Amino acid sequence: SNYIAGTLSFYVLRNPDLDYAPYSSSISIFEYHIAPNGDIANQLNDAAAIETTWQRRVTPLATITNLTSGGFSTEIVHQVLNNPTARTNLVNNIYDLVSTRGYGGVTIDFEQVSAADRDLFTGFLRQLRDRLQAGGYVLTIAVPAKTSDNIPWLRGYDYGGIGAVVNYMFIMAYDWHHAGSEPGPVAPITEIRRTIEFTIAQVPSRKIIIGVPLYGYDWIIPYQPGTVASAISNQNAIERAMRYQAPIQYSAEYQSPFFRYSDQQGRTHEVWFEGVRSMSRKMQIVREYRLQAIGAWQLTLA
């Protein structure tokens, strides 16, 4: 047991150009996870968090994931999407979750959805929409950023089919470079542009929320296979730039801050993260394309 545990939630920062009244923001509380038969495997101490969110005039959403102990399970979601009884069971359980606990809707956060299950995922989400909108509950989804349909691990996410059945699409537009890759910008503005351009040809613009990075990364250059970069917060990156007295430079092409330093063992490091200027540019491209919102992360200690 530990009573210092951070509750992760995803929250919506509306495009300022767009604003008793219908709610303008949401908080997606992490997570509930699923069993292969479609049951909701766990429960949360969420009653206090739900009540507080409602009182603040913001919609509390339940996040539903395919998480296991070793991360997102490619197989557990597959067993659900291919058993019609199980995905009906999941649809009913999700409804039972939001009605009993008092959520205003959900956020489906299914990751590593296999490419063969792409139409089955859309169908599940259609079945979930029908059930939820009948009860007045909102349907939202977290998807990885897509620039085309040519990528295998992204092929399970049909943007046009998902955009047709969900109320809102949270596009997780980051991790173009990450802990298991070569150093580079986490969310380059060039790739965000391409992601938006691909999405606005498929989904109504008011359904689109651009999620910003949770993590920046610290890589050891001359990059080595097998090694994992350090996943650090944006403030952590600034904190490391101070300790090593490294100047914070800014890529013009990428609109992303970066710096390099040498540690107490001679090893050169390269850090890419997000600052105030880069985050401004992301709200700017949201406003440029008349999109719904920027989405971001908060940690609440309870």
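Quick note: we count residues from 1 along the sequence shown, nothing fancier.
- Gap between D19 and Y20: 4 to 9 deposited residues without coordinates.
- Relative to its counterpart among 4-12 and 291-299, 4-12 has the higher mean temperature factor, C-alpha atoms as listed in the PDB entry.
- Higher mean CA temperature factor, per the PDB entry, when comparing 123-131 with 91-99: 91-99.
- Ranking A237, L67, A41, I29 by the C-alpha B-factor listed in the PDB entry places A41 at the top.
- Each of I76, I196, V186, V113 has a CA temperature factor in the record; the biggest one is found at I76.
- Among the modelled residues of its chain, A246 has a C-alpha B-factor that falls in the middle third according to the deposited record.
- In the deposited entry, the Cα temperature factor of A47 places it in the highest third of its chain's modelled residues.
- The entry lists a Cα temperature factor for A86 that places it in the highest third of the chain's modelled residues.
- Among all modelled residues in this chain, the alpha-carbon of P152 has a temperature factor (C-alpha) in the middle third.
- Sort the modelled residues of the chain by CA B factor and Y137 lands in the middle third.
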